[PDB]
Amino acid sequence: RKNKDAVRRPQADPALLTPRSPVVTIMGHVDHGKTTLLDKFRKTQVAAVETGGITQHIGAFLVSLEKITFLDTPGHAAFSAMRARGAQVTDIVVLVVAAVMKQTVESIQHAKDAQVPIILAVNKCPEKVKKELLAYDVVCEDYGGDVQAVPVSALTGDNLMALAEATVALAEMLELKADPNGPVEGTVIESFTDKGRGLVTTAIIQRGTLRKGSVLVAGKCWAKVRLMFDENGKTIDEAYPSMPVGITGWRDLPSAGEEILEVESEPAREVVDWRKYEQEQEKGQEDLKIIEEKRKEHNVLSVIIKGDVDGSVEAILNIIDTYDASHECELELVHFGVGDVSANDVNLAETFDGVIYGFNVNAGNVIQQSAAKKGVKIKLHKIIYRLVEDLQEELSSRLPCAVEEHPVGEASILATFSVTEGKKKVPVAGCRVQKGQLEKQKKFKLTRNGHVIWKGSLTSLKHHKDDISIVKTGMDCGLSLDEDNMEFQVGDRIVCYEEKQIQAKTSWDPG
Amino acid sequence: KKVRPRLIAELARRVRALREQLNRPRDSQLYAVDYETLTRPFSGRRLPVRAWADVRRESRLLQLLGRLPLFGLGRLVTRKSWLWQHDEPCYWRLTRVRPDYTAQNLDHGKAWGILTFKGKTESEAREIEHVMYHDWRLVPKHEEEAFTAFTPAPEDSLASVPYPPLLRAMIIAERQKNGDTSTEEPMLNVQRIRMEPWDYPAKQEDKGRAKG
RNA sequence: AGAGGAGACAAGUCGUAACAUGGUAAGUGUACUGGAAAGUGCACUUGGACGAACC
RNA sequence: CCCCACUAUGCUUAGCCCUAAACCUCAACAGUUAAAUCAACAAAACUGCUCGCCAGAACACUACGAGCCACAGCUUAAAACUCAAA
RNA sequence: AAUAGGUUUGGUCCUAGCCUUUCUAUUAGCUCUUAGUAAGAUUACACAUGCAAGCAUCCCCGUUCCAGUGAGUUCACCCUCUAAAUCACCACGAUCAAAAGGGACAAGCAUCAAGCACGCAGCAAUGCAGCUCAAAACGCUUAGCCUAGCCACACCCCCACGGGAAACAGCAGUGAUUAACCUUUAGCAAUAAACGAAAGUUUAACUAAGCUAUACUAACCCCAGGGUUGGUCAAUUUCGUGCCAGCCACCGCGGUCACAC
Ligand SMILES: Nc1nc2c(ncn2[C@@H]2O[C@H](COP(=O)(O)OP(=O)(O)OP(=O)(O)O)[C@@H](O)[C@H]2O)c(=O)[nH]1
Ligand SMILES: [Mg+2]
Ligand SMILES: [Mg+2]
Ligand SMILES: [Mg+2]
Ligand SMILES: [Mg+2]
Ligand SMILES: [Mg+2]
Ligand SMILES: [Mg+2]
Ligand SMILES: [Mg+2]
Ligand SMILES: [Mg+2]
Ligand SMILES: [Mg+2]
Ligand SMILES: [Mg+2]
Ligand SMILES: [Mg+2]
Ligand SMILES: [Mg+2]
Ligand SMILES: [Mg+2]
Ligand SMILES: [Mg+2]
Ligand SMILES: [Mg+2]
Ligand SMILES: [Mg+2]
Ligand SMILES: [Mg+2]
Ligand SMILES: [Mg+2]
Ligand SMILES: [Mg+2]
Ligand SMILES: [Mg+2]
């Protein structure tokens, strides 16, 4: 098939290059003050207005100090891809460390992968932090390293001015320039479905100027740009390089992090078609292999996922894929999607006896009533770790009960008798209780020099021609089993035990 | 085939009619005007631009009648627009006045008069329209004789007009076809077509009223 | 939802009820009976035959 | 199936039940044998008029509904799944 | 169903069903160069946003129209009577057309056969006991129709004082849903409507554009794909497969020499 793909333009000519604003991404560990620092820079407060005070989305804001594009990456271990995406699209990384953690190390690794300058922000103020970072290849100027370290206090707004000065100086040193003309090149930061504006994508422009009516393609998707808005929702008539923008008009929802390229006209579709064909071919090859492998031969939790944005859905799916307890319980992902819980999700859950998990999405009264009618369980969460805990609870519920065996008593056989009762010969074991006590209700097991011979309950417990339920220590008792095949010797042992069912918890750990 | 009765429709119609009749707005409420914004607060609708200056300068009919005995019965009232448009005496001779008692200044209501437009009086009195307009003036008692003084100019008006070309040709052809040989030009009688000027007062009785 | 029925799938099992006078002619109604096709009584039908001079 | 014995039953009276291969599987009435007689077999082919019925097989003299002195019943009587036949 | 054809069987004749051949529409697969024109959510489920009703010397008039949808459904047609409206004003009338009265008016089901007051007389009091129906009453289900267009609805409670609640079945657009998916264009220059005495103003009506092989028309120096090839039905060489993989609208093919994969 002819190659109709739309490819990225060659690197811009030096004459066409024009200076642009810098893209700075704030990365770090959970509760290291990234959101608070961004709030202080933005002159607005949004850390307080959050569900649990956790940043669960990657947002881009155009701050005017000069102008910078700040990207707030989540600090949680769940949204690793999100952080990576920021590293892929950023020009400068502000690594915020509270006065080094796992996610800080991961963000450092992402920045090294992206080959991007790093500015250290010692929040909550330091020398110990720099000395530790020496191990992680982050060397401060005090230690002869290029990385600039700035101690700051985001809560009190201390030393932030010098932090901004260092960011501006590093941006000037980088000399970030791009072509503000020609076909548009950009990257998707997020994609979601607004009930009023359709499929919307938060993107960052890397090259060219985006305008209303521009035809864009991203992955298997394409759009005719209908509305370009900012973080506040106001329409913007142009999108210069290094400018966040919410673009509406996508015929299909692009995956987060996919490149966006402008094309000449809608009959774009061909390009999309070609890409689809390519993907099909790849899948087809895999299919062929599997099919050939077949032809040469010749406790199930099903979960629906509905998230507000594709990035959160991807993070949840990555968490799900880290499931390793398939032996005890099998976790099947029936369907994942973006948007509020809908009729198709309810039907899918009902069909497979699954459970719907809704991350930052709603469910109307009609949907809830339908789910109640069909026996579907919708579980709406606003925090990712709450959803993880709920999924773990469901998995544990699917797990069978674990029987705990507690020893109750022990008796040693002394003699074997044959009693003729009801025309039947019953073998009776005369046993002396050594430690503990024996109870009729509690189960018993037979031990022969350490080997386990029988497991069950006595058919008749009798002492001194009288039936007694509990024999104390040192009491003789004749024991008769329900199994006639069991042979009683002179030196056999009997161990009594009580069995209690206990709740079993999933062995899978999200970390 | 028998339609099921719709009782609630008639009930709601009667309720609406009763509410409209009881809660009907008054003239002062309807025609109040905010001279700062030139809008009527009853409905919040701006008056047209060309009237603005008049609204800022002239006065309403009742605004003048309220300061006369028996609300000016028998007096003569004219309009500024008539004074600016026509030179002949145009005015109304009051015969009955119904002021709006709900107005604090009693500067609203209906009025009836005999119209004398361009020197021609009317055989009967009738309701005066455009009372609420900011266009009226009062003829002084000492100036009534001088102002009404008017000598009727002769009505030297045309009698007949030529037919339109195609119609004239068709009529002549019909004449010839029917056998008529008369050469008299067909003419159109315009004497019965009395061309009243566009500012001649209309029948206020048939005019509607704003809803509440 | 435990079950019943029909059809398909078509196995294996128990018989051989129908098609030849199918080895007790077949069938209808109805009643009783039976592991099962089915059997028998009563009346009816030929969608059976009686070999077509006498012998 | 063959033989023996006996009962319901076959009979009478008074009510029910209302079904048959209730078939001469050939509707009632009037008429024709003229022809273009006529798929086959059967008990020749038809015409006029009217009523009743029929519309692939099986599901199905079935289910449900309704009516009945009928209560394992009778009458009316479907549909879904299936087949390319019957 | 026709100029008919294949298919019951060891075979023939008859009856009969099913399918084929033809013409459209929608969707799907594969494919697709241009121009003109026509047509264009699956959904009476929910709607972000922007616009869609003004005019005008004030009163009035219009926003009851146009535009939309097909939920509901014998309010549509004919006759009689006569409202509102136009003919400036009466027209001592014409045109147009409500309400009211009479008649006509979709499909399936009779396993929907009885409805249960469905009639008449009298000025009234009141009296008679009738009225509809197997020539389909009553009832259930389905459906916009008889297309220069007409009927119905306008978020639901048939209505809409009121209540539920805060309404795109106006245009552009979106969520959900479906196999089904047009631009968040411009102008009032043409016509139509509203207003004005008028110059004129307004109009998502409309006009002129945008997207789409859904259709028709036309063309291209270069530019062609899709399906089919046992019979019906136009058209197969060689390999591999070996009743397996697979194909078929019907009859059917495939078990080592496959015109059927
Ligand atoms: N002592 C001190 N505390 C601070 C300072 N700045 C911020 N904090 C606190 O630290 C917390 C930081 O957590 P977040 O606001 O969620 O910011 P974050 O590091 O991006 O955390 P995530 O969004 O979950 O990744 C805030 O709740 C502040 O109360 C500071 O300068 N000094
Ligand atoms: Mg934070
Ligand atoms: Mg036999
Ligand atoms: Mg026999
Ligand atoms: Mg018999
Ligand atoms: Mg017997
Ligand atoms: Mg016997
Ligand atoms: Mg006898
Ligand atoms: Mg008989
Ligand atoms: Mg029977
Ligand atoms: Mg029966
Ligand atoms: Mg029954
Ligand atoms: Mg519909
Ligand atoms: Mg029934
Ligand atoms: Mg309908
Ligand atoms: Mg609606
Ligand atoms: Mg309504
Ligand atoms: Mg619309
Ligand atoms: Mg949509
Ligand atoms: Mg379509
Ligand atoms: Mg006019």
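Every number here is computed from the coordinates shown, using simple stated rules; none is lab data. Heads up, the Cβs are rebuilt from the backbone with ideal geometry, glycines too, and the neighbour counts pull from every protein chain shown.
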Could you order the peptides A:309-321, A:387-399, B:158-170 from most to least packed, using the average number of other C-beta atoms within 10 Å per residue? A:309-321, A:387-399, B:158-170
Of the beta bridges DSSP finds with both residues in the protein assembly as shown, what % are antiparallel, to the nearest 5? 75
Alpha carbon centroid spacing (whole Å) that separates region B:62-128 from region B:180-212: 25
How do A:102-114, B:30-42 rank on mean C-beta neighbours within 10 Å, highest first? A:102-114, B:30-42
Might you report the magnitude of the Cβ-based charge dipole of region B:154-195 about its Cα centre, with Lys and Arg at +1 and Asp and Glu at -1, to the nearest 20 debye? 200
Residues in region B:182-212 reached by a label modelled at B:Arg16 [backbone nitrogen below 18 Å; 7 Å Cα→Cβ]: B:209-212
Between rounded, prolate and oblate, where does chain B land on the alpha carbon gyration tensor, with a ≥ b ≥ c its root eigenvalues, rounded for a/c under 1.5, else prolate if a/b exceeds b/c? oblate
Let's test the formula: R0 of 41 Å, r as the Cβ-Cβ distance of A:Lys373 and A:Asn318. What FRET efficiency results, to the nearest 0.05? 0.80
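Per DSSP H run of at least 4 residues, take -39500 (n - 2.57); add these up for chain A, divide by its residues and hand me the 222 nm value, nearest 500 deg cm²/dmol.
-8000 deg cm²/dmol
Given a Förster radius of 45 Å and the C-beta distance between B:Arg175 and B:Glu196 as r, what FRET efficiency does 1/(1 + (r/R0)^6) yield to the nearest 0.05?
0.85
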Pairwise FRET efficiency - A:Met486 versus A:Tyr385, Cβ, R0 = 56 Å, nearest 0.05: 0.55
Helix B:165-178 versus the longest principal axis of chain B: what angle, 0 to 90°, nearest 10, using Cα atoms? 50
Any chance you could check the Cα centroid distance between region B:1-50 and region A:154-212 for me, in angstrom? 56
Among A:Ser255, A:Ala47, A:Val346 the positive-end extreme of the charge dipole of the protein assembly as shown (Cβ point charges): A:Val346
Output row, site A:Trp274, 7 Å Cα→C-beta label point, backbone N cut-off 18 Å, window region A:217-246, residues A:217-223
Packing-based ranking, highest mean first, of B:12-21, A:51-60, A:372-381 given that Cβ atoms within 10 Å are counted: A:51-60, A:372-381, B:12-21
Could you tell me the distance between the Cα centroids of region A:439-511 and region A:1-25, to the nearest Å? 79
What does the charge add up to near A:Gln206, with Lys and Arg as +1, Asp and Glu as -1, over the other residues with Cβ less than 12 Å from its Cβ? 0
So the label point goes 7 Å from the Cα of A:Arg398 along Cα→C-beta, right? Which residues of region A:290-321 then have their backbone N under 13 Å from it? A:299-305, A:320-321
